[PDB]
C-alpha cells in the first residue's frame, strides 16, 4: 500500500501508521487528527473573501498554538527586550530580541538567529506565545534571537500583500547586520518555518539581488511553504495529495495564496514563492538547511527546493523530521519534547557552525 492518502483516501493524521503516537493523541484532543474540513473559500474566491476568512480564523489559531507554547519555559534564563526600527518605506517594525540573561555588548559575541514566523505570510504574529517560546528556547542555547514583527497579508497585522512582509524581514536582517556590536553577536542566520521558511529563503535571495548577501551567514528553513501551487495539484508534488487535509488542506491554502498575491502576477516570482527559483537566483548563496515534516503536504516542495539549491552549488543539508505533521516540531514541546528539542539543538548548532 502506498503511503497516506495515496494508498487510502480516507486516511488522516489520526489513522496514518506513520504518525508519532504521542502527536496523534494530542491532535485528537485538539480536533486536528481527522481530515481538515473543506473551507467555505478557495482559490476562485474573491480576494476580499479570502482576506476576511483568514482574518476571521486568526484568533482561533493563535489560541490553539499558544496553549502548546505557554505552559512552560526554557531550562536556561532568557531576557526579552523590544526594539522598533524603520522599514525602507518608513513603516515601524517591532523586533523582539531574546538573549541569555546577562548577555550584553561587553559579552563574548553569540551567534544570531533572525527569526521569521509562520502563518503563510498571511496571519499570526511574532508576539504569539508559540513563537516567543521558540525564540526563547533558541536563545537559551546561547543565541541572540531576533523575532521580526513583519506586515501580514491579512489579520491583525494586515492587509499588506507581497512584498511588504519580505521587505520588513529584509530590513530587519539589515538592521541586525549593522548592529552586531550593540547586539553582542557574531554571525547571523535566517530561520523560520512554513510561511516563515518562505520569508527566510526569500530574504536571502533578496539580499543577493540588493548587494548585501555577505551579511547573511546561513539559512535554516523549516517546512517551507514555497510553491503557491495548492490549487493546481501539480504532478511533481505528490505529497500535496498524499498528506492533503493533514492539518493543512489544499483548498484552504489556495485561498490563502490570494491575500499574499492578489493579482496572481507573482505566481512564478521566486521572491514570493521560492520553489520557482532558477539556479541563477540561488548561485552564491550561503549554506542552507532545509528541514521538512514527514506527514506534511508541503514536504515535496521543500525537498524539491533542497535539490534546486544543491544544483545551484549551494551547500545544502536536507532533513526529514519523521512522525510529524506540518511544523509539529516547532510547537508541540509538551507532547514530543524530544523531537522539538532535536530541532532546537540542530538550528543552534548550525548557527554556531557559521561563526
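Positions refer to the first chain, counted from 1.
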Problem set entry | Stretch with the higher entry mean CA B-factor, where the candidates are 247-255 and 70-78 | 70-78
For this session: Identify the stretch, either 288-296 or 49-57, whose C-alpha atoms have the larger mean B-factor according to the entry.
Result: 49-57
For this session: Between 180, 135, 174, 167, let me know which has the highest C-alpha B-factor in the entry?
Result: 180
Seminar exercise, completed: Among 302, 313, 318, 31, the highest C-alpha B-factor in the PDB entry belongs to 31
For this session: Looking at the entry's B-factor column for C-alpha atoms only, identify whether residue 84 ranks in the lowest, middle or highest third of its chain.
Result: highest
Exercise. Compared with the other modelled residues in the chain, in which third is the CA B-factor of residue 261?
Worked result: middle
For this session: Select lowest, middle or highest to describe the third in which the CA B-factor of residue 10 falls within its chain in this entry.
Result: highest
Problem set entry | Entry-reported Cα temperature factor of residue 347, expressed as the chain third it lands in | lowest
Problem set entry | Among modelled residues of the same chain, the CA temperature factor third for residue 106 | highest
